[PDB]
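Heads up, the chain shows up twice below as structure tokens, two forms, tagged structure 1 and structure 2.
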Structure 1
């Protein structure tokens, strides 16, 4: 009867301890990271997991730092950032502003990026028990005052997440561009050739040119993926501006698939609700099969933290990682 719930007690502690001191890139915990070109609609897809407006979204470069989003099912609903402990947020608009402010603090407002992640934990009776990673979208040419190698700084940042064995890759591609043009799929095939942990998501289906559709892609025929593709339709910029809510966006999406002559026959396997259901199941299957591997990785990190203790505030930080790992090992050893 294994589920993500069983991992919650250990994931929670480990994330605090490691990400707190900039070592987030050490743990190989189960998570789902979003990859794709700039403005493909990645943050819009992730935001739906919470059901509230809280992630900065928009055309042009908006997400500029990774966001490690820990979702925990709980009776009450509130959010907390690792960078400002003690402060609990109930207003999701204020959560959005803090992500924007924390991003600007480090990356400025002249379009730069930073691989330092913002860690946010959200407790809600409506969410699944998953960790999502929002990431800046891949680009080809620098604009404004971005550095000349911005494309590679962005790729490097994403690679650090997606090369991990327990990271499910959500390869996001916009319907209004040929799939052959997909930066998400190129990246995904490079790190996960067999497609064992890659899921395709086609966004912006409502923006396709008249007389065309993505049926061949959605039926998994154009470029087959082991895990298939799921189509979604999120809010346009006009919608965001006009304050259309998620409940209304979801209804428009359901109607879109049921009434589109190219997709009606696939409607049951399309949409945001379906994507979230499938992602949860896929992550559950992945970790169920890789639990021994996770235990062995934590055993390795523990061996590593021990050696580091003897080499020596920084002591407190290391001890917190040490105890979280010891506890994680005990908890995981009891999971079947």
Structure 2
């Protein structure tokens, strides 16, 4: 179904452009937040469906990465800071992000508030904006300033305070949920949980004799949108270049076999997280369309009853309305 909606939405956005009006679906942006090493970058790139974000132990993401997915015929990527070049090898994209980070922050744990801008072109994506962010901390290391914690907090606040921004509150299972930096920030900016999606990672690392059932069932710390558990690649896995299909296969096996979670399998995992996020995106689209539809109808009526040689407007509006109708039918 998603494969049918995506191409229609791109057509509608183009149609709006032809109309030359300040009207857009205003798709919400996706931001990932949480304590350092919570597993944020893994979560984000999994949603996009490509291995391109630097991941590792310790401090990895040291600058915000503003990613704009752009629907296009060709599949490639390009950074704003690299005018001209078109990356087709995503490993090179990952390497470039790292290199661009080191260039500005150095290699002694430093951080920078300056975003790395990346556009990923593909015909199977929504024109979305996703933001990868540095993890929250408590004490400075290397050459970080004494107030590193607040410099990072400020950094993510500028993204998560944006209206409608979908907040991926990432928390590792091998730590008590009550210590979640992700949830604390989420509750400050979105207290009612209207745009917070709880994500519990590292389920495979829990101490023997423990499990996150109460968390995953949305009972330990209830969230309006609930919680979705995932099991991503470990350091040994990253070191060994384990591929995505294999990681996803291991995650699926994990939920189907674990005695504390198999009854929840159908609501756990990376693929299911993708569906949940895509659903929230679809909900925004369908919720925003009626207002636009009516506006376009009003604009059309004027020219329609009157039917400057600007006859194009009639067809442009007519086109947009035809697309909306198709979307409403899916």
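Positions refer to the first chain, counted from 1. Here, rigid core means the biggest group of C-alpha atoms that superpose within 1.5 Å across both forms.
Can you tell which of 67, 279, 270, 29 moves its Cα by 2 Å or more between structures 1 and 2, with the two forms laid on the rigid core? Going through each option, the one that shifts is 29.
Could you check whether the CA atom of residue 298 moves 2 Å or more between structures 1 and 2, using the rigid core for the fit? Shift of 2 Å or more: yes.
Fitting the rigid core first, would the Cα of residue 76 be found 2 Å or more away between structures 1 and 2? Yes; that C-alpha moves by at least 2 Å between structures 1 and 2.
Using the rigid core as the reference frame, would you say residue 57 shifts its C-alpha by 2 Å or more between structures 1 and 2? It does not, since the residue 57 C-alpha is displaced less than 2 Å between structures 1 and 2 after the core fit.
Per-residue Cα shift, residue 108, between structures 1 and 2 [Å; core superposed]: Its alpha carbon moves by 1.2 Å.
With the core fitted, just quote the Cα shift at residue 124 between structures 1 and 2, in angstrom to one decimal. With the cores aligned, its C-alpha sits 2.9 Å away.
Report, to one decimal in Å, how far the Cα of residue 289 moves between structures 1 and 2 once the rigid core is superposed. For residue 289, the alpha-carbon shift amounts to 4.0 Å.
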